[PDB]
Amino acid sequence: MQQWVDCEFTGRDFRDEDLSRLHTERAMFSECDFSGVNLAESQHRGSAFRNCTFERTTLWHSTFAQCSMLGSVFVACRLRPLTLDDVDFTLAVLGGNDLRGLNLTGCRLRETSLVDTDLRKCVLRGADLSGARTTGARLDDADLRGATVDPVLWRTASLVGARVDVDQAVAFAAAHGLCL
């Protein structure tokens, strides 16, 4: 009914539109403005939202598979619940959002900014958090096993009850100054 396939949208203004239930496949949105948009229950496969503005966007109940959110900014968006399968959030900005309980297994969060983001109880198994900014980030009770993490995350994220594998526990101590 709204099915956009193998399309490319650059510099488009979708300000406040009702795009609920939208289906996209291999759709490329670059530098588009999605502020105030309703994207509830949308479905996307092979699509990209590059350097887009999601200022107060509603995305709950959506499904993203093999998609990229490269460089996009998310401010006070409704991002839960969400099905994310192999989604790339590289260089995206998600500070201040509530991501609790999301399953981010195997997603790329390279250089993703997570300042004061709530990730408590997230499943981050196998995800790439390299270069991520976790100032103020809450990862309490998150499952981090197998995730790639830099020393700085161990020093800055809140990690009470976070589940870590044996090499991560050792990396946490080295990040605090201990020498192995």
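All residue numbers are counted from 1 along the displayed sequence.
- Across the two stretches, 9-17 and 157-165, the PDB entry reports the greater mean Cα temperature factor for 9-17.
- Per the PDB record, of the two stretches 58-66 and 114-122, 58-66 carries the greater mean B-factor over its C-alpha atoms.
- Ranking 150, 128, 33, 141 by the C-alpha B-factor listed in the PDB entry places 33 at the top.
- Ranked against the other modelled residues of its chain, the C-alpha B-factor of residue 105 as given in the entry falls in the middle third.
- The entry lists a Cα temperature factor for residue 83 that places it in the highest third of the chain's modelled residues.
- For residue 134, the recorded CA B-factor ranks within the lowest third of the chain. Only modelled residues enter the ranking.
- Among all modelled residues in its chain, residue 179 ranks in the highest third by Cα B-factor.
- Sort the chain's modelled residues by C-alpha temperature factor and residue 76 lands in the highest third, per the entry.
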